[PDB]
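Student: Before I ask anything, here is the structure I am working with.
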6 protein chains.
Amino acid sequence: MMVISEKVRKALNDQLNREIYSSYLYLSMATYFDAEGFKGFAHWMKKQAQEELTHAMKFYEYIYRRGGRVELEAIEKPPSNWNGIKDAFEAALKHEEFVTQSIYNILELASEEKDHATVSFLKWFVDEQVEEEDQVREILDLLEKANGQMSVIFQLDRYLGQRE
Amino acid sequence: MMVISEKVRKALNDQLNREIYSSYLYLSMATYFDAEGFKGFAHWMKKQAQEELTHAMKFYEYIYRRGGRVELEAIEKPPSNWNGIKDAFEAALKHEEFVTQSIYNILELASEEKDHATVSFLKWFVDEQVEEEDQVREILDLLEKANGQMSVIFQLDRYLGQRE
Amino acid sequence: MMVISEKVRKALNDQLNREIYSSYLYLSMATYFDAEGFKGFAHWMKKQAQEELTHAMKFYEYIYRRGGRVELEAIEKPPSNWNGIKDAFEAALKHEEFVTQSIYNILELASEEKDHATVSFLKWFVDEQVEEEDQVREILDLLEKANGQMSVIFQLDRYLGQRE
Amino acid sequence: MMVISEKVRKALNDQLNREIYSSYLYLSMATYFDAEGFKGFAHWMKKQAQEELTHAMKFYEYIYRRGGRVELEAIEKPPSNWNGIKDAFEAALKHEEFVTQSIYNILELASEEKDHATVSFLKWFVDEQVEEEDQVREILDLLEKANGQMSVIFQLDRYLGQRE
Amino acid sequence: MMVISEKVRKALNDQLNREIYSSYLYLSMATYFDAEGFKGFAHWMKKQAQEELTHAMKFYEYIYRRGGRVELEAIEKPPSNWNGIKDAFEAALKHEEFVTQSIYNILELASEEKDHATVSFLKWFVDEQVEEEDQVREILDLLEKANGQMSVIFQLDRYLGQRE
Amino acid sequence: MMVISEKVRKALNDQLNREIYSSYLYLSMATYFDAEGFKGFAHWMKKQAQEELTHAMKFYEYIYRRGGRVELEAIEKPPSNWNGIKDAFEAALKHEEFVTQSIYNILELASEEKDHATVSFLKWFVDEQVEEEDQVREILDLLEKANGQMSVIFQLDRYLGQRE
Ligand SMILES: CCCCCCCCCCCCCCCCCCCC
Ligand SMILES: CCCCCCCCCCCCCCCCCCCC
Ligand SMILES: CCCCCCCCCCCCCCCCCCCC
């Protein structure tokens, strides 16, 4: 017997599919950076795509621990081009803030149903979103200071390209 | 400048998106096995999904190494249910044979255009397809001899659950 | 001076005595499994009884950290017989879900009194209950698949008998 | 088949439940010492409670080794307050002597029925009772010489707090 | 863009400056203990002052992670004299309970604004306050038992002087 | 009994409170650099704040070693903004020179009273002031040659960010 409501399971299943798309979106930003010849930025996006997949698998395993199951949905085509390095990272920031709000909505839904197990499970993602948003804001701050100077952009490519 | 033809670049890009779907499909088989309580089969499918992503990334890096670009397309919703363990693996074998034929078509297209670089690049996937088809046929052979006997299915669940 | 209300201290003290009974109940399930000759199942219940005691001691130490004290109450006689292996584990699942709801009630009580210290303390038990319930559901799932086949039941006895 | 008489099995089962109460009683002395702020005495009582559980489990495994069954009974509420450290240890000594007499009664019952296996099994508890009574008498002797001097009680709190 | 409200940023910034004062206050208690010749008590207060600074830096880093900034305010002169060892530690306890309530107020403010990121961030401080208050209550309990006996006070000076 | 004059004790106590402000001021420069996104400069200022606290504690222990007492005074609100990286370091140099002159005044006061112990104690701070002034002048010299070029400022941010 499923011990989460179907309304909470659907919210969790929806967020899992959102994490899959986020991973797909970051891979598509990698295709853009690789097309532009920035292999450090592309490498950063490829690792970010891997991290989003581990987010989805965390939702995956919790759903089965509460007696639910996962249904994978179609993944819509992400954008493949941006008007520059900062335009892509600004799109990344806007996306992460959207993901954070989507997590907030599940937390409030589970809270009103007094599903404390799901409320507590989501705490890790609330904290992780703070990290993810901040990491993009820091990059955007460095790009603003670079102001297109390729000497500085080359260093940030090699630096972000060292992400493990 | 791109040194692969647009017809070969499109064929390679199509196969990348096909490998992405293949990984997605195997994750959906994992969701089915986990729903049925077979965590060894589900683990095998999760590792199979990871292996398909590496195939997709190998097409990715070859496309850029030939001066082309990757465009990610929408991913279709895979089925989420199968009529038992054997039915799922029968679907996996039929799928792998479809992937092998899709690789053959790129090889023949590249060979017609005298694109020897792409022809030689595709040899690794031809050999890998031989291995992945045999892996599923071996599993299917043991399931046929098992004839649904749960004593045997349990041993094969935990064995497949040991895949690294 | 006690910095938890007497109403929250009583709720915590009641839960401590509930954990003691749960440990006693699991020991009594061990006496049943040992009487039936399943020393792996009995071993699993003996370790589960030890784990419930560490739960009680966690409530014990928090009560004294908030300036309260513990009063041990009488422990009612647990049942000593079940109608089979699955009947016992189903009784275990129903008990764990009852314990989870009892934890939920303390969390809601402490929340209305705005006792955030107790609310946060209970998060560990909310998460632990997810683990405990899931572990029993997994065992019940394997017993359903076993369908009384002693070849399979022997393996699950030796497997659960390896719990450390 | 059971190779101990029902009269010896009942006597052994009664002692198991008595050992369970003894462990419960020592936990209640821990709750008293912790309420009084003596964390070394409380630690000693917590370790003493763990040792009594091992005694109970030794009766447990002997009963099943003779083909009998264990039935857990209700546990009485122990006292939760004592008139100081010395009063608690005086209650502990009186309790241990009661446990020793209860062991003697089983030994004499088993010896009357010529149950040499149970007679020999009980020798370990006779010797252990000599040790546990002496441990409490030694503590009581130092408390009498201490005459309530807090300088001495502090040193004996931290010494007893080092029990492993 | 700051993603915390200015009302939450101000509350967090106010608490940071409160932690700075708490560190200053504990250093001033050290000046009192050193003036009284108790170098173990003073050492304990100096380490407590260091721990309060790490609390302030935790608020510091979270504010910048949410897009806010820190503004340091003037630090009011703390008291420099107490009427005895217990009077100082009782002042420490009253201060820690005041800090805990100030943390509670931020948690409730962030909760009403549905700022779950800040709510979750404050959980660490809620738990830490339980530790801090308890550590002072334990010391006050030992001082009450000492009742001014310098033989016992000397040991608690050397003991607290060993805090690492 | 105090073996330093009250006029030297007050001068030493005044300098302790000045060192406390100096550490507070450098923390405020850290809040400014972090607000501007320069985490290497901010890290350097945080380490500089820690070093000033050790200076304050050295005055602390000398005052008690001469039989005096420390009285902590209110700490003024430092400025929280500067007109860029260079402006902040220019303020730091002007501040360090003020600290050096304040040390000189104590040395001359102690020398007038023939307090050779305090004169000799202050030699360490005279030499240390030479080092801290030179550290800021060296940074200012590189900032002048940098002339705002962000390629150079980035390298000096990460270099100063490596200070331990
Ligand atoms: C150099 C590192 C490259 C990492 C590439 C990662 C690309 C992931 C793109 C998203 C794919 C989504 C659909 C498939 C999901 C499969 C999940 C498997 C989990 C075990
Ligand atoms: C082989 C492992 C056997 C473990 C047996 C554990 C049995 C526990 C049964 C419950 C007892 C409850 C009453 C006594 C509680 C004592 C708690 C001591 C805590 C330090
Ligand atoms: C023997 C250990 C002595 C430790 C003394 C600590 C004294 C701290 C007193 C409070 C100071 C507040 C104002 C300055 C804050 C600087 C914070 C720097 C953080 C990196």
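Residue numbering restarts at 1 in every chain; chains get A, B, ... in the order shown in the structure tokens, and ligands count up from 1 in that same order.
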If the cut-off is 12 Å, can you tell me the residues of chain E near chain D, counting only C-alpha atoms? I'd like them as a list in words.

Tutor: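 Close enough to count are residues 134, 137, 138, 139, 140, 141, 142, 143, 144, 145, 146, 147, 148, 149, 150, 151, 152, 153, 154, 155, 156 and 159 of chain E.
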
Student: Go through the chains and note each residue within 6 Å of ligand 3, using only C-alpha atoms and all ligand atoms, then give the set as a compact mmCIF listing (two decimals) with N, CA and C atoms, in the first residue's frame.

Tutor:
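Final file, out.txt:
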```
# COMPACT_ATOMS: atom_id res chain seq x y z
N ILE E 20 28.14 38.45 17.51
CA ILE E 20 29.36 39.19 17.79
C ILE E 20 29.36 39.69 19.23
N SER E 23 29.94 36.85 21.65
CA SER E 23 31.37 36.55 21.72
C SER E 23 32.09 37.58 22.58
N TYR E 24 31.75 38.86 22.41
CA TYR E 24 32.34 39.91 23.24
C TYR E 24 31.97 39.73 24.70
N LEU E 27 34.03 36.94 26.23
CA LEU E 27 35.38 37.42 26.48
C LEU E 27 35.43 38.29 27.74
N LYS E 46 37.05 31.93 26.92
CA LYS E 46 37.76 32.33 25.71
C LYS E 46 37.43 31.41 24.54
N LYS E 47 37.34 30.10 24.79
CA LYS E 47 36.94 29.18 23.74
C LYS E 47 35.48 29.37 23.36
N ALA E 49 33.96 32.20 23.41
CA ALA E 49 33.97 33.39 22.57
C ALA E 49 34.35 33.04 21.13
N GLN E 50 35.29 32.11 20.95
CA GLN E 50 35.66 31.69 19.60
C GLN E 50 34.51 30.98 18.92
N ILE F 20 40.86 45.32 19.06
CA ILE F 20 39.54 44.74 18.82
C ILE F 20 38.84 45.47 17.69
N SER F 23 40.39 44.58 14.29
CA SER F 23 39.87 43.31 13.77
C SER F 23 38.45 43.49 13.25
N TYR F 24 37.62 44.25 13.95
CA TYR F 24 36.27 44.53 13.49
C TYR F 24 36.27 45.28 12.17
N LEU F 27 37.04 42.95 9.31
CA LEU F 27 35.85 42.16 8.99
C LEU F 27 34.87 42.98 8.16
N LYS F 46 39.44 38.58 6.16
CA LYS F 46 39.01 37.73 7.26
C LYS F 46 40.21 37.19 8.04
N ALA F 49 41.60 40.01 10.08
CA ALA F 49 40.82 40.22 11.30
C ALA F 49 41.21 39.22 12.38
N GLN F 50 41.48 37.97 12.00
CA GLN F 50 41.88 36.97 12.99
C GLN F 50 43.24 37.32 13.59
```

Student: In Å to one decimal, how far is atom CA of residue F:59 from atom CA of residue F:113?

Tutor: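 Calculated distance between atom CA of residue F:113 and atom CA of residue F:59 is 18.7 Å.
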
Student: What's the separation between atom CA of residue C:30 and atom CA of residue D:106, in Å to one decimal place?

Tutor: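 If I compute the distance from atom CA of residue C:30 to atom CA of residue D:106, I get 24.5 Å.
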
Student: Near residue C:114, counting only C-alpha atoms, which residues have an atom at most 12 Å away, once you skip same-chain residues fewer than 4 positions from it, shown as an MDAnalysis selection string?

Tutor: (chainID C and resid 4:5 8 106:110 118:120) or (chainID E and resid 101 104:105 107:108 111)

Student: Store the residues picked out above in a file with N, CA, C and O atoms, as a tab-separated table (two decimals), in the first residue's frame.

Tutor:
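In the end it all went to again.tsv:
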```
chain	number	residue	atom	x	y	z
C	4	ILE	N	11.10	22.54	28.19
C	4	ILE	CA	9.98	21.99	27.45
C	4	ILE	C	8.76	22.04	28.36
C	4	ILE	O	8.87	21.92	29.59
C	5	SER	N	7.60	22.25	27.76
C	5	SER	CA	6.36	22.18	28.53
C	5	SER	C	6.16	20.77	29.08
C	5	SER	O	6.70	19.79	28.57
C	8	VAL	N	4.72	18.55	26.43
C	8	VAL	CA	5.66	17.99	25.48
C	8	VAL	C	6.54	16.94	26.14
C	8	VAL	O	6.85	15.90	25.54
C	106	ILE	N	3.49	13.91	18.18
C	106	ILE	CA	4.39	14.75	18.98
C	106	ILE	C	4.87	15.93	18.16
C	106	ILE	O	4.95	17.06	18.65
C	107	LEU	N	5.21	15.69	16.89
C	107	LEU	CA	5.69	16.77	16.03
C	107	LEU	C	4.64	17.87	15.90
C	107	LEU	O	4.96	19.06	15.99
C	108	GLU	N	3.38	17.48	15.70
C	108	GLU	CA	2.32	18.48	15.56
C	108	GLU	C	2.05	19.19	16.88
C	108	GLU	O	1.78	20.40	16.89
C	109	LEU	N	2.10	18.46	18.00
C	109	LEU	CA	1.94	19.09	19.30
C	109	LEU	C	3.06	20.10	19.57
C	109	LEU	O	2.79	21.25	19.94
C	110	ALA	N	4.31	19.68	19.37
C	110	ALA	CA	5.43	20.59	19.58
C	110	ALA	C	5.38	21.77	18.62
C	110	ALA	O	5.80	22.88	18.96
C	118	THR	N	12.13	20.77	19.81
C	118	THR	CA	11.58	19.42	19.75
C	118	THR	C	11.16	19.05	18.33
C	118	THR	O	11.34	17.90	17.90
C	119	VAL	N	10.59	20.01	17.59
C	119	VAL	CA	10.22	19.76	16.20
C	119	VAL	C	11.43	19.29	15.41
C	119	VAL	O	11.37	18.29	14.67
C	120	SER	N	12.56	19.99	15.56
C	120	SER	CA	13.76	19.63	14.80
C	120	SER	C	14.35	18.31	15.29
C	120	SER	O	14.87	17.52	14.49
E	101	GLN	N	15.72	32.34	21.74
E	101	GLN	CA	14.46	32.98	21.39
E	101	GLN	C	14.63	33.89	20.18
E	101	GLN	O	13.72	33.99	19.34
E	104	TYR	N	14.49	31.67	17.30
E	104	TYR	CA	13.09	31.30	17.11
E	104	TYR	C	12.32	32.37	16.34
E	104	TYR	O	11.49	32.05	15.47
E	105	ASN	N	12.57	33.64	16.65
E	105	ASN	CA	11.83	34.72	16.00
E	105	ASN	C	12.15	34.80	14.51
E	105	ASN	O	11.25	35.05	13.70
E	107	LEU	N	13.08	32.24	12.68
E	107	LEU	CA	12.47	31.06	12.09
E	107	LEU	C	10.99	31.30	11.82
E	107	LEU	O	10.48	30.94	10.74
E	108	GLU	N	10.28	31.90	12.77
E	108	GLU	CA	8.86	32.16	12.58
E	108	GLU	C	8.63	33.23	11.52
E	108	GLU	O	7.67	33.13	10.74
E	111	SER	N	9.27	31.63	8.24
E	111	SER	CA	8.21	30.66	7.97
E	111	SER	C	6.97	31.34	7.42
E	111	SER	O	6.35	30.85	6.47
```

Student: Considering only C-alpha atoms, return as a ChimeraX atom specification whatever protein or nucleic-acid residues lie within 6 Å of residue C:68, sequence-local ones (same chain, fewer than 3 positions apart) excluded.

Tutor: /C:2,63-64

Student: Do you have, as JSON lines, the list of residues of chain B lying at most 12 Å from ligand 1, each with its nearest atom pair and that distance in Å to one decimal, counting only C-alpha atoms and all ligand atoms and ordered by chain then number?

Tutor:
```
{"residue": "B:16", "atom": "CA", "partner": "ligand 1", "partner_atom_place_in_ligand_line": "9 (C)", "distance": 10.8}
{"residue": "B:17", "atom": "CA", "partner": "ligand 1", "partner_atom_place_in_ligand_line": "13 (C)", "distance": 9.6}
{"residue": "B:18", "atom": "CA", "partner": "ligand 1", "partner_atom_place_in_ligand_line": "13 (C)", "distance": 10.6}
{"residue": "B:19", "atom": "CA", "partner": "ligand 1", "partner_atom_place_in_ligand_line": "14 (C)", "distance": 8.9}
{"residue": "B:20", "atom": "CA", "partner": "ligand 1", "partner_atom_place_in_ligand_line": "13 (C)", "distance": 5.7}
{"residue": "B:21", "atom": "CA", "partner": "ligand 1", "partner_atom_place_in_ligand_line": "13 (C)", "distance": 6.7}
{"residue": "B:22", "atom": "CA", "partner": "ligand 1", "partner_atom_place_in_ligand_line": "14 (C)", "distance": 8.0}
{"residue": "B:23", "atom": "CA", "partner": "ligand 1", "partner_atom_place_in_ligand_line": "14 (C)", "distance": 5.1}
{"residue": "B:24", "atom": "CA", "partner": "ligand 1", "partner_atom_place_in_ligand_line": "14 (C)", "distance": 4.3}
{"residue": "B:25", "atom": "CA", "partner": "ligand 1", "partner_atom_place_in_ligand_line": "14 (C)", "distance": 8.1}
{"residue": "B:26", "atom": "CA", "partner": "ligand 1", "partner_atom_place_in_ligand_line": "16 (C)", "distance": 7.9}
{"residue": "B:27", "atom": "CA", "partner": "ligand 1", "partner_atom_place_in_ligand_line": "18 (C)", "distance": 6.0}
{"residue": "B:28", "atom": "CA", "partner": "ligand 1", "partner_atom_place_in_ligand_line": "16 (C)", "distance": 9.2}
{"residue": "B:29", "atom": "CA", "partner": "ligand 1", "partner_atom_place_in_ligand_line": "18 (C)", "distance": 11.2}
{"residue": "B:30", "atom": "CA", "partner": "ligand 1", "partner_atom_place_in_ligand_line": "20 (C)", "distance": 9.2}
{"residue": "B:31", "atom": "CA", "partner": "ligand 1", "partner_atom_place_in_ligand_line": "19 (C)", "distance": 10.9}
{"residue": "B:42", "atom": "CA", "partner": "ligand 1", "partner_atom_place_in_ligand_line": "20 (C)", "distance": 10.2}
{"residue": "B:43", "atom": "CA", "partner": "ligand 1", "partner_atom_place_in_ligand_line": "20 (C)", "distance": 8.7}
{"residue": "B:44", "atom": "CA", "partner": "ligand 1", "partner_atom_place_in_ligand_line": "20 (C)", "distance": 9.8}
{"residue": "B:45", "atom": "CA", "partner": "ligand 1", "partner_atom_place_in_ligand_line": "20 (C)", "distance": 8.2}
{"residue": "B:46", "atom": "CA", "partner": "ligand 1", "partner_atom_place_in_ligand_line": "20 (C)", "distance": 4.6}
{"residue": "B:47", "atom": "CA", "partner": "ligand 1", "partner_atom_place_in_ligand_line": "20 (C)", "distance": 6.1}
{"residue": "B:48", "atom": "CA", "partner": "ligand 1", "partner_atom_place_in_ligand_line": "20 (C)", "distance": 7.9}
{"residue": "B:49", "atom": "CA", "partner": "ligand 1", "partner_atom_place_in_ligand_line": "18 (C)", "distance": 4.9}
{"residue": "B:50", "atom": "CA", "partner": "ligand 1", "partner_atom_place_in_ligand_line": "18 (C)", "distance": 5.1}
{"residue": "B:51", "atom": "CA", "partner": "ligand 1", "partner_atom_place_in_ligand_line": "18 (C)", "distance": 8.6}
{"residue": "B:52", "atom": "CA", "partner": "ligand 1", "partner_atom_place_in_ligand_line": "16 (C)", "distance": 8.3}
{"residue": "B:53", "atom": "CA", "partner": "ligand 1", "partner_atom_place_in_ligand_line": "7 (C)", "distance": 6.4}
{"residue": "B:54", "atom": "CA", "partner": "ligand 1", "partner_atom_place_in_ligand_line": "5 (C)", "distance": 7.3}
{"residue": "B:55", "atom": "CA", "partner": "ligand 1", "partner_atom_place_in_ligand_line": "5 (C)", "distance": 10.0}
{"residue": "B:56", "atom": "CA", "partner": "ligand 1", "partner_atom_place_in_ligand_line": "7 (C)", "distance": 8.2}
{"residue": "B:57", "atom": "CA", "partner": "ligand 1", "partner_atom_place_in_ligand_line": "5 (C)", "distance": 6.3}
{"residue": "B:58", "atom": "CA", "partner": "ligand 1", "partner_atom_place_in_ligand_line": "3 (C)", "distance": 9.4}
{"residue": "B:59", "atom": "CA", "partner": "ligand 1", "partner_atom_place_in_ligand_line": "5 (C)", "distance": 11.5}
{"residue": "B:60", "atom": "CA", "partner": "ligand 1", "partner_atom_place_in_ligand_line": "3 (C)", "distance": 9.5}
{"residue": "B:61", "atom": "CA", "partner": "ligand 1", "partner_atom_place_in_ligand_line": "1 (C)", "distance": 9.5}
{"residue": "B:72", "atom": "CA", "partner": "ligand 1", "partner_atom_place_in_ligand_line": "9 (C)", "distance": 9.6}
{"residue": "B:73", "atom": "CA", "partner": "ligand 1", "partner_atom_place_in_ligand_line": "11 (C)", "distance": 11.3}
{"residue": "B:74", "atom": "CA", "partner": "ligand 1", "partner_atom_place_in_ligand_line": "13 (C)", "distance": 10.4}
{"residue": "B:75", "atom": "CA", "partner": "ligand 1", "partner_atom_place_in_ligand_line": "13 (C)", "distance": 8.0}
{"residue": "B:76", "atom": "CA", "partner": "ligand 1", "partner_atom_place_in_ligand_line": "13 (C)", "distance": 10.5}
{"residue": "B:77", "atom": "CA", "partner": "ligand 1", "partner_atom_place_in_ligand_line": "13 (C)", "distance": 10.8}
{"residue": "B:78", "atom": "CA", "partner": "ligand 1", "partner_atom_place_in_ligand_line": "13 (C)", "distance": 11.0}
{"residue": "B:164", "atom": "CA", "partner": "ligand 1", "partner_atom_place_in_ligand_line": "20 (C)", "distance": 11.9}
```

Student: Those same residues - N, CA and C atoms - I'd like them written as a compact mmCIF listing (two decimals), in the first residue's frame.

Tutor:
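selection.txt was written with the following content:
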```
# COMPACT_ATOMS: atom_id res chain seq x y z
N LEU B 16 22.56 9.76 -31.87
CA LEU B 16 22.76 10.28 -30.52
C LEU B 16 21.43 10.37 -29.78
N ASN B 17 20.42 10.96 -30.42
CA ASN B 17 19.10 11.06 -29.79
C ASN B 17 18.48 9.68 -29.59
N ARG B 18 18.79 8.73 -30.47
CA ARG B 18 18.33 7.36 -30.29
C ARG B 18 18.99 6.71 -29.08
N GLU B 19 20.28 6.96 -28.87
CA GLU B 19 20.96 6.42 -27.70
C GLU B 19 20.40 7.04 -26.42
N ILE B 20 20.04 8.32 -26.47
CA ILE B 20 19.41 8.97 -25.32
C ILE B 20 18.09 8.28 -24.99
N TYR B 21 17.27 8.01 -26.01
CA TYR B 21 16.03 7.29 -25.76
C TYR B 21 16.29 5.90 -25.22
N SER B 22 17.29 5.20 -25.76
CA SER B 22 17.61 3.86 -25.27
C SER B 22 17.93 3.88 -23.78
N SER B 23 18.71 4.87 -23.34
CA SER B 23 18.98 4.99 -21.91
C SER B 23 17.71 5.31 -21.14
N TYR B 24 16.85 6.17 -21.68
CA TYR B 24 15.58 6.48 -21.05
C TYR B 24 14.69 5.25 -20.96
N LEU B 25 14.67 4.44 -22.03
CA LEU B 25 13.85 3.24 -22.03
C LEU B 25 14.28 2.26 -20.94
N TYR B 26 15.59 2.08 -20.77
CA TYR B 26 16.08 1.16 -19.75
C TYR B 26 15.80 1.68 -18.35
N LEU B 27 15.83 3.00 -18.15
CA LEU B 27 15.40 3.55 -16.87
C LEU B 27 13.93 3.24 -16.62
N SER B 28 13.11 3.24 -17.68
CA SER B 28 11.70 2.93 -17.50
C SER B 28 11.50 1.46 -17.16
N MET B 29 12.33 0.57 -17.70
CA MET B 29 12.30 -0.82 -17.26
C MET B 29 12.71 -0.95 -15.81
N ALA B 30 13.65 -0.10 -15.35
CA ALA B 30 14.00 -0.08 -13.94
C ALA B 30 12.81 0.32 -13.08
N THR B 31 12.07 1.35 -13.51
CA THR B 31 10.88 1.76 -12.76
C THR B 31 9.86 0.63 -12.69
N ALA B 42 16.17 -4.27 -11.50
CA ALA B 42 16.14 -2.82 -11.61
C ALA B 42 17.54 -2.23 -11.61
N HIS B 43 18.42 -2.75 -10.75
CA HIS B 43 19.80 -2.29 -10.71
C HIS B 43 20.51 -2.55 -12.04
N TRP B 44 20.29 -3.73 -12.62
CA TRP B 44 20.87 -4.04 -13.92
C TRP B 44 20.40 -3.04 -14.98
N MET B 45 19.11 -2.69 -14.95
CA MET B 45 18.58 -1.74 -15.93
C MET B 45 19.12 -0.34 -15.69
N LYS B 46 19.33 0.05 -14.43
CA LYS B 46 19.91 1.36 -14.15
C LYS B 46 21.34 1.45 -14.68
N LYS B 47 22.12 0.38 -14.50
CA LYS B 47 23.47 0.36 -15.06
C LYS B 47 23.45 0.32 -16.58
N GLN B 48 22.46 -0.37 -17.16
CA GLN B 48 22.33 -0.38 -18.61
C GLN B 48 21.99 1.00 -19.14
N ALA B 49 21.17 1.75 -18.41
CA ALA B 49 20.86 3.12 -18.81
C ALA B 49 22.10 4.00 -18.79
N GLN B 50 22.97 3.80 -17.79
CA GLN B 50 24.20 4.59 -17.72
C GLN B 50 25.12 4.27 -18.89
N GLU B 51 25.17 3.00 -19.30
CA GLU B 51 26.04 2.60 -20.40
C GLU B 51 25.58 3.20 -21.72
N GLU B 52 24.26 3.30 -21.93
CA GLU B 52 23.76 3.92 -23.15
C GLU B 52 24.10 5.41 -23.21
N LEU B 53 24.16 6.08 -22.06
CA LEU B 53 24.51 7.50 -22.06
C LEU B 53 25.94 7.72 -22.53
N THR B 54 26.80 6.78 -22.18
CA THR B 54 28.21 6.84 -22.62
C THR B 54 28.25 6.63 -24.13
N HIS B 55 27.37 5.81 -24.66
CA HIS B 55 27.31 5.63 -26.12
C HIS B 55 26.93 6.97 -26.74
N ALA B 56 25.93 7.62 -26.18
CA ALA B 56 25.45 8.90 -26.71
C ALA B 56 26.57 9.94 -26.67
N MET B 57 27.32 9.97 -25.59
CA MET B 57 28.41 10.93 -25.46
C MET B 57 29.56 10.62 -26.41
N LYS B 58 29.70 9.37 -26.85
CA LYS B 58 30.74 9.04 -27.81
C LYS B 58 30.37 9.56 -29.20
N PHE B 59 29.10 9.45 -29.58
CA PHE B 59 28.62 10.13 -30.78
C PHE B 59 28.76 11.64 -30.64
N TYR B 60 28.48 12.17 -29.45
CA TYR B 60 28.61 13.60 -29.18
C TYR B 60 30.01 14.09 -29.53
N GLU B 61 31.04 13.47 -28.94
CA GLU B 61 32.40 13.96 -29.11
C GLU B 61 32.92 13.72 -30.53
N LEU B 72 20.00 18.50 -29.59
CA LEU B 72 19.17 17.56 -28.84
C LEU B 72 17.71 17.75 -29.22
N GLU B 73 17.02 16.63 -29.46
CA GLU B 73 15.61 16.63 -29.84
C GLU B 73 14.76 16.10 -28.69
N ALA B 74 13.45 16.27 -28.83
CA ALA B 74 12.52 15.76 -27.83
C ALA B 74 12.66 14.24 -27.70
N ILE B 75 12.39 13.74 -26.50
CA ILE B 75 12.49 12.32 -26.20
C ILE B 75 11.08 11.78 -25.97
N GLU B 76 10.72 10.75 -26.72
CA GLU B 76 9.39 10.17 -26.61
C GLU B 76 9.20 9.50 -25.25
N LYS B 77 7.96 9.44 -24.81
CA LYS B 77 7.64 8.74 -23.58
C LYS B 77 7.81 7.24 -23.81
N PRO B 78 8.65 6.56 -23.04
CA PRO B 78 8.78 5.11 -23.20
C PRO B 78 7.63 4.40 -22.52
N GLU B 164 28.32 -4.07 -11.78
CA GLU B 164 28.93 -2.80 -11.43
C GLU B 164 28.99 -1.90 -12.67
```

Student: Pull the helix (DSSP H, G or I) assignments for chain C out of DSSP run on the backbone, and list those residues as a PyMOL selection string.

Tutor: chain C and resi 6-35+39-65+85-112+116-121+123-146+150-160

Student: Suppose you want the space between atom CA of residue B:100 and atom CA of residue B:127; what is it in Å?

Tutor: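 So the answer is 9.7 Å.
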